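The chain contents come next:
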Amino acid sequence: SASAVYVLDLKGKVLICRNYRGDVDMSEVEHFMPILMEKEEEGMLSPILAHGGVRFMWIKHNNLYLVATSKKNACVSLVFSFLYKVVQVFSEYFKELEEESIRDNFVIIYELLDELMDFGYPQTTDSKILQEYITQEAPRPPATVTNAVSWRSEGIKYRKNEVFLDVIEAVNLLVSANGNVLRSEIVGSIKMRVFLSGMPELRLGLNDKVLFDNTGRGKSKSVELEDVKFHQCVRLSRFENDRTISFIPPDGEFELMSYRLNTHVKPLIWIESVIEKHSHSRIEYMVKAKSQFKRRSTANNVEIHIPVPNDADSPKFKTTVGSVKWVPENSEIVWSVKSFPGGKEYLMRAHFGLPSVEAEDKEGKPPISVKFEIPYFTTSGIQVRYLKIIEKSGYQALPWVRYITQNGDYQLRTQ
Amino acid sequence: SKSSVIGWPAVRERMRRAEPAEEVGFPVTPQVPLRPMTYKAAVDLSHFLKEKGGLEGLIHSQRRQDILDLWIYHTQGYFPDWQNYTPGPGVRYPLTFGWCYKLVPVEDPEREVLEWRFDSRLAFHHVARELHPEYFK
Amino acid sequence: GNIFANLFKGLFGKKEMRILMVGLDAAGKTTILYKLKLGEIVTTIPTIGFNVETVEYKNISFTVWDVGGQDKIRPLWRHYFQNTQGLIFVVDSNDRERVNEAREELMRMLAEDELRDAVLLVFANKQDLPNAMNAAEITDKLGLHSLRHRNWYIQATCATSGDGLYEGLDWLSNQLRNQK
Amino acid sequence: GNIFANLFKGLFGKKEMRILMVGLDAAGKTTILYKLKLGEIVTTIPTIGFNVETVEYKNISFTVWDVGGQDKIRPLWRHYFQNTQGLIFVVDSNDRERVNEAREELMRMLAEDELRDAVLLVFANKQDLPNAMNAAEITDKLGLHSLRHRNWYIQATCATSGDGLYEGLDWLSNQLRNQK
Amino acid sequence: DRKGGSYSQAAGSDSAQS
Ligand SMILES: Nc1nc2c(ncn2[C@@H]2O[C@H](COP(=O)(O)OP(=O)(O)OP(=O)(O)O)[C@@H](O)[C@H]2O)c(=O)[nH]1
Ligand SMILES: Nc1nc2c(ncn2[C@@H]2O[C@H](COP(=O)(O)OP(=O)(O)OP(=O)(O)O)[C@@H](O)[C@H]2O)c(=O)[nH]1
Ligand SMILES: [Mg+2]
Ligand SMILES: [Mg+2]
């Protein structure tokens with residue numbers, strides 16, 4: 001229940017503001033910057049600010065803080081969801097999130113803000129629906145918003161019905177400094193870019209453990225996702241009733257389902273780090289990486305970031321496979337590898353000097369994270385059964401999907 | 001299917017070698033379609049197995065069934081889930097409609113000896129579906 | 001098919017061979033590897049990761065992958081066991097307390113079905129002080145005679161002196177290569 | 001790449017080398033540095049800070065950074081150890097009481113991993129009175145033979161006379177430069 | 001081709017489930 005949502009800037013200048021209820025004066029935004037500065041200087045800065053009896057919730061954007069001032073005890077979750085929807089709409093409409101587009105599309109920005117929500121209650125949130133009624137370069141509102149199916153616009157015609165799926169896998173491993181993995185969770189991502197004619201209703205079917213158990217086929221490799229979140233077009237009633245994933249696919253790229261379950265398997269890459277740091281004399285980087293993934297799978301664009309000393313200089317790298325580059329801005333050496341086949345063993349030997357004068361304050365031990373991304377690999381073993389594409393007119397669809405495995409929160413605790 | 005005919009003798013030899021009673025990861029072939037075996041495809045596979053032999057009368061085993069399913073998936077891309085047997089005790093009808101292969105006793109259900117037997121009526125009569133309507137949805 | 005190219009390659013030497021570097025930490029494994037590859041006693045920090053190098057002798061390029069005996073690196077020795085044809089064990093004759101740990105690590109490594117075709121190669125390290133054991137006391141303590149189906153040879157090598165490395169290399173070559 | 005410029009530079013002499021000035025305070029280190037650079041016995045106050053100079057001999061510009069042996073300057077010797085390739089030790093043969101302190105300082109300096117590639121260079125200072133020891137008594141007292149992996153040479157130099165400085169410089173050049 | 005796994009054809013449903 002934010003009184004007014006405004007877009008700020010890095011210098012504190014409000015790029016654009018639009019009051020929704022009028023219960024909060026527009027002058028409260030000026031005091032938001034000093035409050036944020038005081039909180040940052042004292043560590044008390046929070047996204048949800050509080051200017052007396054009015055709370056100015058702000059979200060750190062790419063170039064400006066999306067401050068949404070509120071007066072009463074409005075739904076914080078609802079305000080956050082509205083801000084996220086507005087950010088997504090802006091990203092869809094404007095490819096750049098900076099001050100360049102804030103002052104360049106104000107004429108359409110004001111109309112979009114007015115149409116998005118009224119009296120603090122959001123009304124329009126579909127990017128396609130908003131673009132079909134508000135454009136930067138007006139007819140009556142589309143019937144899709146008024147109709148029940150607000151995620152699949154009717155009347156779409158395409159020469160061919162091709163849908164591109166993406167089996168995105170996020171391998172997050174939390175290995176402590178003792179060598180034991182604490183947080184090992186893999187979050188699935190079923191994103192499909194449906195581009196066909198009409199408004200077909202997708203009939204999702206995969207090798208789900210729950211579905212296999214219900215159908216009596218709970219003996220093969222079935223993916224048991226601890227948390228599965230359906231898309232907006234996905235009907236929750238069918239999923240709750242018999243796990244039937246029946247919903248109208250969106251027009252374009254959309255996230256239908258997102259699996260999320262813990263992983264009890266060994267990490268795809270086993271990295272052993274050695275720190276032979278002398279007392280203000282030299283430093284040793286005994287980094288050894290072992291590929292625990294299948295040999296048939298190669299990790300493309302693997303970048304194992306090893307945090308080097310903050311004041312370290314004149315470093316020498318003695319590695320075997322993969323180029324190592326030290327970035328002064330990042331204050332660490334990333335073990336960049338173009339192609340890393342499964343089972344590969346890369347050994348590195350860092351050697352650099354240190355300044356004679358010791359540091360005045362400690363800098364901490366940031367965890368070592370890798371940027372491995374091996375596609376065409378299904379670590380979870382979940383196999384899609386079929387995709388029920390049904391249209392009233394009747395057409396033969398040719399859906400496509402690719403399985404991509406990448407490294408997410410694969411951070412290794414430093415010694 | 002020349003590839004299927006070639007793989008049938010090796011699969012039969014591997015099944016015979018395995019008694020009736022190391023690499024991690026899940027690599028996927030690029031561009032290879034994956035879908036469950038159809039009723040017509042299951043019937044054709046059962047007929048081919050019956051004609052070539054080595055499937056009817058063989059002792060049913062978990063290792064042999066897994067090897068056969070893996071060979072079928074490698075040769076045609078069909079998921080190794082349609083080669084299921086009906087719940088016991090007794091003769092286990094095919095889980096997927098259209099399958100011409102079923103497991104029947106040859107003498108706890110696990111300790112009972114099962115043997116693969118051809119069944120033409122299985123492809124036309126949903127015995128497994130009738131026995132377990134809940135499993136068939 | 002034709003094997004003329006293989007015969008031509010083997011006439012002048014084509015066999016390379018492989019080797020592994022295992023043992024207790026600070027047991028001279030890195031120093032032994034440096035002596036085998038370079039030939040000098042090079043001072044190095046603890047083996048946090050691993051050392052990879054190759055040694056050419058008798059027309060055979062036996063690559064040696066030195067692995068430390070640290071707790072954080074002991075479980076990592078299985079990574080180097082893949083695609084490995086040889087294994088060299090470094091013992092600590094001057095470290096009585098670490099002798100039991102080294103023996104336990106060797107027994108655990110030898111109890112793996114993957115490392116079965118590799119012959120035993122134990123180097124009598126710490127051969128610079130009178131406290132170092134002989135070629136029989138160390139073998140008896142480690143129980144090398146109880147390793148069935150394992151070709152183990154006892155060789156004493158001193159990192160500072162370098163004597164005995166040639167004998168161990170010859171024994172390893174004889175165990176691996178059985179040609180004229 | 002091309003190394004024609006490097007060869008042309010080395011044909012007429014390009015190597016410079018480095019050196020360090022360490023030892024007990026009032027041990028002739030500053031006088032030795034003045035003799036090496038200028039060639040006269042110049043009287044100077046105590047080395048509160050440090051003396052930086054360069055000496056050119058045999059086409060090599062060996063810069064010498066004299067450091068005093070004072071308590072407030074002894075811990076500062078680590079600052080000059082960075083980017084240092086040579087080290088010259090000044091002993092006090094006429095200072096029996098300070099001999100133990102100089103030996104302890106030399107042992108502490110030699111016990112640093114950073115100063116490992118620098119060869120030992122001890123100058124027999126105070127070589128003007130009969131109380132000064134010979135080239136073997138000073139080395140035995142300092143335990144130069146117990147410094148493993150250290151190339152130490154005993155040279156006697158008198159600040160007033162200047163004899164022996166050439167021998168020490170030649171020994172240092174031979175230790176550092178191994179060319180024709 | 002494309003990095004991250006080549007696109008593969010998908011079926012319409014589980015043909016073995018009837
Ligand atoms: N002085 C001396 N030390 C020896 C001798 N033999 C073995 N060592 C020990 O062997 C160690 C060699 O260390 P490294 O070169 O780093 O190789 P390492 O044996 O694998 O030791 P780590 O790197 O810590 O795993 C030295 O620290 C010595 O303590 C010897 O004959 N003389
Ligand atoms: N008269 C005489 N004095 C010598 C001789 N050799 C060494 N010395 C002593 O060496 C000292 C030289 O002092 P400095 O020129 O200041 O250099 P230093 O040895 O580093 O002394 P500090 O500056 O105090 O650190 C003199 O004070 C002498 O006492 C020598 O042969 N004759
Ligand atoms: Mg080592
Ligand atoms: Mg002085």
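Reading the values: rules and limits
- Residues numbered from 1 in each chain as written, not as in the entry; some residues may be left out.
- Chains lettered and ligands numbered in written order.
- Part of a larger assembly, values for the part shown.
- Heavy atoms only, no water.
- Residues with missing side-chain atoms left out of burial classes, pairs and counts.
- Helix = DSSP H or I, 4+ residues; strand = E, 2+ residues; numbered from the N terminus.
- Rg over C-alpha atoms; globule rule 2.2 N^0.38 Å.
- Contact = heavy atoms within 4.5 Å.
- UniProt positions renumbered as here; feature names shortened; annotations may be inferred.
- Pairing = 2+ DSSP bridges.
- Axes fitted to C-alpha atoms, helices over the stretch in contact; angles between N-to-C directions.
- Domains from an automatic or database assignment.
- Nonpolar A, V, L, I, M, F, W, Y, C, P; charged D, E, K, R; others polar.

Colleague: Tell me what's going on with the overall build of chain A, and back it up with residues and numbers.
Modeller: A tally of helices and strands in chain A yields eight helices and 24 strands. With respect to the principal axes defined by its C-alpha atoms, chain A has extents near 75 × 60 × 35 Å.

Colleague: Any details on the overall build of chain C? Residues and values, ideally.
Modeller: Helix and strand counts for chain C come out as six helices and six strands. Taken from N to C terminus, the helices and strands of chain C fall in the order α-β-α-β-β-α-β-α-β-α-β-α. Its C-alpha atoms give chain C a radius of gyration of 16 Å, near enough to 16 Å, the size a compact globule of 180 residues would have. Taking the principal axes of its C-alpha atoms as reference, chain C extends roughly 55 × 35 × 30 Å. Contacts in chain C between residues at least 24 apart in sequence constitute 77% of all its contacts with a sequence separation of at least 6.

Colleague: Let's hear about the UniProt feature "domain: MHD" in chain A: which residues, and what values?
Modeller: The positions UniProt marks with the feature "domain: MHD" are residues 160–413 of chain A. In the segment residues 160–413 of chain A, helix accounts for 6% and strand for 51%; the C-alpha atoms at its two ends are 50 Å apart.

Colleague: Can you lay out the sheet that holds strand β1 (residues 2–7) of chain A for me, pointing to particular residues and giving the numbers?
Modeller: Residues and elements named next belong to chain A. Taken in spatial order, the four strands of this open sheet run β2-β1-β4-β3, and their pairing is antiparallel. The open sheet has two edge strands with one neighbour each: β2 (16–19) and β3 (55–60). For this sheet the average axis-to-axis angle between neighbouring strands, irrespective of direction, equals 15 degrees. Pairing of β1 with strand β4 (residues 65–70), which is carried by five bridges, proceeds in the antiparallel orientation. The partner of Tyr6 across the bridge, within β4, is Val67.

Colleague: An account of unusual backbone geometry is needed here, citing residue identities and associated values.
Modeller: For the bond running from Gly88(B) to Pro89(B), omega is 0 degrees, close enough to zero to count as cis. Within the secondary structure layout, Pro89(B) lies in the loop between β2 (78–79) and β3 (101–105). Residues other than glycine seldom take positive phi values, yet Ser331(A) does so here, at roughly 55 degrees. If you trace the backbone, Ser331(A) turns up in the loop between β17 (323–327) and β18 (332–341). A positive phi angle is found at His149(D), which is not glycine, with a value near 65 degrees.

Colleague: Provide a residue-level description of the pairing of strand β9 (residues 201–206) of chain A, including the pertinent values.
Modeller: Residue and element names in this part refer to chain A. In this sheet, strand β22 (residues 384–390) lies alongside β9 in antiparallel orientation, the contact comprising six bridges. Bridge assignment links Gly205 to a residue of β22, and that residue is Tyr386. Of the pairings in the sheet, the one linking β9 to strand β11 (residues 245–247) comprises three bridges and is antiparallel in character. For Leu202, the partnering residue across the bridge sits in β11 and is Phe247.

Colleague: Can you explain the domain arrangement of chain A? Please cite residues and give values.
Modeller: Under the domain assignment, chain A is made up of domain 1 (4–131) and domain 2 (269–375). A C-alpha centroid distance of 40 Å is found between domain 1 of chain A and domain 2 of chain A.

Colleague: How would you sum up the sheet that holds strand β16 (residues 313–319) of chain A? Please name residues and give values.
Modeller: Residues and elements named next belong to chain A. Pairing is antiparallel in the open sheet, where four strands are placed in the order β13-β14-β19-β16. Of all the strands in the sheet, just β13 (269–272) and β16 have a single pairing partner and so form its edges. On average, each strand axis in the sheet is tilted by 20 degrees relative to the strand beside it, whichever way the strands run. Inspection of the sheet shows strand β14 (residues 282–291) paired to strand β19 (residues 345–353) by nine bridges, in the antiparallel sense. Paired with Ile283 across the bridge in β19 is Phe352.

Colleague: I'd love a proper account of the arrangement of the chains, names of residues and values included.
Modeller: For this structure, the chain pair with the highest number of contacts among four pairs of chains in contact is chains A and E. Spatially, chain C is disjoint from chain D: no contact exists, and the shortest C-alpha separation is 9 Å.

Colleague: Tell me about the interface of chain A and chain E, and please be specific about residues and values.
Modeller: Buried accessible area, meaning the area lost when the parts come together, often serves as the stated size of an interface. In this complex, chain A contributes 13 residues to the contact, which on the side of chain E involves ten residues. When contributions to the side of chain A that touches chain E are tallied by element, the ones reaching two or more residues are β22 and β23 (400–407) of chain A. In terms of residue count, β23(A) provides more of the side of chain A that touches chain E than any other element does, five residues in total. Residue composition of the side of chain A that touches chain E, grouped by class: nine nonpolar, no polar and four charged. Judged from the two bridges that link them, β23(A) and strand β1 (residues 8–9) of chain E form a sheet pairing that is antiparallel. Residue pairing across strands places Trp400(A) opposite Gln9(E), the latter belonging to β1(E).

Colleague: Quick one: what's the story with the pairing of strand β1 (residues 18–23) of chain C, residue by residue and with numbers?
Modeller: Residues and elements named next belong to chain C. Bridging between β1 and strand β3 (residues 60–67) involves four bridges; their strand directions are parallel. Within the sheet, the bridge partner assigned to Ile19 lies in β3 and is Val64. Note that β1 and strand β4 (residues 88–90) share three bridges and pair parallel. If you follow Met21 over to β4, its bridge partner there is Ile88.

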